[PDB]
Participant: 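Before anything else, here's the structure in question.
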Amino acid sequence: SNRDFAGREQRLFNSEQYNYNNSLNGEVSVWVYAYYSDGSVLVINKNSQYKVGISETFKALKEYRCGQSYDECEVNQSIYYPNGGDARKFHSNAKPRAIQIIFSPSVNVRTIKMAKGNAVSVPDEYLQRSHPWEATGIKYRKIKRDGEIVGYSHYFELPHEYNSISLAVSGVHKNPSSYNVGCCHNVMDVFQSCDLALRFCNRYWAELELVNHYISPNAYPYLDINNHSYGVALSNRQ
Amino acid sequence: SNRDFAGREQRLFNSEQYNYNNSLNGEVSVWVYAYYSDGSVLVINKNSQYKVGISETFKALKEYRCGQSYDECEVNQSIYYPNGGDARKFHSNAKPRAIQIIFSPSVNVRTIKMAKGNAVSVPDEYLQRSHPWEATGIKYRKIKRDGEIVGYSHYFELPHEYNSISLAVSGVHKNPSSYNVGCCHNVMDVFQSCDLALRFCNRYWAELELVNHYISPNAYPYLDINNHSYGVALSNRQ
Amino acid sequence: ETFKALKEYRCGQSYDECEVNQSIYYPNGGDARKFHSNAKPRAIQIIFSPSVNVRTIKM
Amino acid sequence: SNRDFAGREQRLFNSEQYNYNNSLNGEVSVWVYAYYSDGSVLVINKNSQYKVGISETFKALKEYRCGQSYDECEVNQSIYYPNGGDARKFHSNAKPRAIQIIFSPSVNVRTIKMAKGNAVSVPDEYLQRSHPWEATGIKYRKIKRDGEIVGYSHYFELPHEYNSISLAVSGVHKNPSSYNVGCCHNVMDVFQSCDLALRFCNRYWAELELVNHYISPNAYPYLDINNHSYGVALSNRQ
């Protein structure tokens, strides 16, 4: 009947979560996954109100294995300028082989912007001719579970020796209202949100460990190398 | 004749580059060069739309040689407070001897601001009496090539034992229009530009290597210790 | 050559790589700290001199 | 009934395996197990057509623990000649305490030959009086499972301080035909088999790990320290 209040409250509890995240009071989140040839995965996450992003150097995206280097500094020198380095190797296995960018479903996809630079942090060959970003939202796939969008994914390989990148990405929380969250009334709150943004960074040994111990316990969206979707659908669901 | 289209297109291609960088769609860039007594040079670069800056601690400006420390931590302690440390040396050679700040020609020089703090990151002796910046644009020299301004330079020595600094610098992209890039219509784009800014950091062994492998390959402006200008002039030039 | 002998070794430049071997000889047989060893060859090329009889080649 | 074709095919699939291995087209295999006092076990395996063997030095049979030596070199010197070394120990625990030789059931036991030398690789005291092998087949026990011979075993202890050995062993694939596999028609194929022979070498921490992760997953024969037989019976069996 309609007197199953445990049922109604369960459905409302999940719907409230879905809707709260999508309100101007909620989070918008981005993740950058860098995939290494040893099968480990670096994740960088940022979670903030209003807008959020991540910006990393070429060096910062390379694999680092905690408590386990001169040569890798020389690799960097030889990637910033051809034959600029004294490295003992042709291809550094610390270079990411691929990147996946994921946004929370509370992003507005039309606001997504990416600055994929070269190894010296120039977006498009020389600064003089560079637009500082590309709007790549059209490339984002919907990660879906049970018919619900649980996130958005952009996946690109770096399979060539010349794929040596710096990377920044940014998205704005959805706002279907005509209230500008950056209007004079609220602009200091957006400034404060820049300070309040929380960052997370970790290297998982395997995609399995990433799925088991990072994605799933936190109810985050993910798309794996086999094109399998992860996440939790909450809108009007028990 | 005027039917040399290869000529006309070459001149237009360079002029378009010059003008694009100076548009509100283009980059503004800053560089901080820290010069060490061993002749090596630390460069920090940031490239962003609308506005850009760099902010570093006292410790972060000191020389670090990758894959090549307890004592240098004690140096820091003895610089934060007189006789505060247990260091085995009078003068740390990891301290910068000089700084050069360079901006791209797309900066508005009247917007440049510098916060040169003491070693505990206070701009002017005590926080209570500190204005958080100085507007130093009047000190910037034009770096010129072939009559064209290719950048702006501020150079200062730190030749005394008491020159122990923290440092931040900021400039705004030129905007001769009456369109405020921070107006309500566009303010979220400036917020996004904070996330999209790309950073680069590297230590070059010698100024020669800096000129050869960092400045010149990227068409950046530079002024060397001999007062020689580097850069590329593009406005109405082949 | 053995499996182990074909793996990358960089002279004058290992416990973990022994455990990699154990985990490749039998699934979950090892205590290695990595999913894929980069010391594994990605490809092989066999070349013979033109003085071979190709119909005698065996692998 | 006789219309259980899944049954008939299962029995044929196993019988074909048994018979193929025993054909002149099949493998003959030998294993040398060296048992150390820390309970670890070195295995050397060789698998080849027609004939197969293993030959190891005194030094090569000693325990080596990967990524975990001057003294052990001196041990060798003091074992090659009495008081020839400057070692800091009476008995090296790296010396094997026992050896087990196992052959596949496709060997002809009457062809087995062993050269158990002294520590300087002399079969019988001085080269001048040495026959280069002993035919030891009469000592091999049948390893049996369910009434089927799954292999052949020779086990000997080295419990005395003077048991310091080099070791080689060899057997020929059974061939009940009158076709000599080394006849002129096929002798180059036996030469090629010397190159095609595949070798395996590994140290297992315990006999348990050897049984679980080496013997059993590969369907190899084994006889453990408790006289227990392992292997798989295939002739006319489901």
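First the proteins, then the strands, lettered A, B, ... as listed; each starts at 1.
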Participant: Mind checking whether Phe200(D) and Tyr25(C) have ring centres under 6.0 Å apart?
Facilitator: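 Between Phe200(D) and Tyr25(C), the centre distance is under 6.0 Å.
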
Participant: Between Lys58(C) and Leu196(D), which heavy-atom pair has the shortest distance, and what is it?
Facilitator: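 Closest approach of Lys58(C) to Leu196(D): O-CD2, 3.6 Å.
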
Participant: Decide if atom CG of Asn28(C) counts as having more than 12 heavy atoms of other residues, nucleotides or ligands within a radius under 6.0 Å.
Facilitator: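 Open: at most 12 neighbouring heavy atoms sit under 6.0 Å from CG of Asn28(C).
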
Participant: Do you know which of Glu209(D), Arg199(D), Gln192(D) has the most heavy-atom pairs with chain C at a distance under 4.5 angstrom?
Facilitator: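 Option with the greatest count: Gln192(D).
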
Participant: Are more than 12 heavy atoms, taken from residues, nucleotides or ligands other than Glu8(C), located less than 6.0 Å from that residue's CD atom?
Facilitator: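 Atom CD in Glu8(C) is crowded, with more than 12 foreign heavy atoms closer than 6.0 Å.
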
Participant: Describe, in one word, how the ring planes of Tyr26(C) and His213(D) are oriented to each other, choosing from parallel (under 30°), tilted (30 to 60°) and perpendicular (over 60°).
Facilitator: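 Judged by the thresholds at 30° and 60°, the geometry between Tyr26(C) and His213(D) is parallel.
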
Participant: Look at atom NZ of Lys59(D) and say whether more than 12 heavy atoms of other residues, nucleotides or ligands are closer to it than 6.0 Å.
Facilitator: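 Not more than 12 within 6.0 Å, no.
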
Participant: Counting C-beta onward and ignoring hydrogens, is there a side-chain heavy-atom pair between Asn202(D) and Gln22(C) closer than 4.5 Å?
Facilitator: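 Sidechains of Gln22(C) and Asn202(D): in contact.
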
Participant: Less than 4.5 Å to any heavy atom of chain C: does that hold for the side chain of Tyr214(D), its backbone, both, or neither?
Facilitator: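 Answer is neither: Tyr214(D) stays 4.5 Å or more from chain C.
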
Participant: Evaluate whether atom CZ of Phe3(C) has more than 12 neighbouring non-hydrogen atoms of other residues, nucleotides or ligands under 6.0 angstrom away.
Facilitator: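 Above 12, so yes.
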
Participant: I need the minimum non-hydrogen distance between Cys66(D) and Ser14(C), along with the two atoms involved.
Facilitator: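 Reported closest heavy-atom pair: SG-O, 3.3 Å.
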
Participant: Quick one: what part of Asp195(D) sits under 4.5 Å from any heavy atom of chain C, side chain, backbone, both or neither?
Facilitator: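 Neither the backbone nor the side chain of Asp195(D) comes within 4.5 Å of chain C.
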
Participant: Are more than 12 heavy atoms, taken from residues, nucleotides or ligands other than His185(D), located less than 6.0 Å from that residue's NE2 atom?
Facilitator: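 No, not enclosed.
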
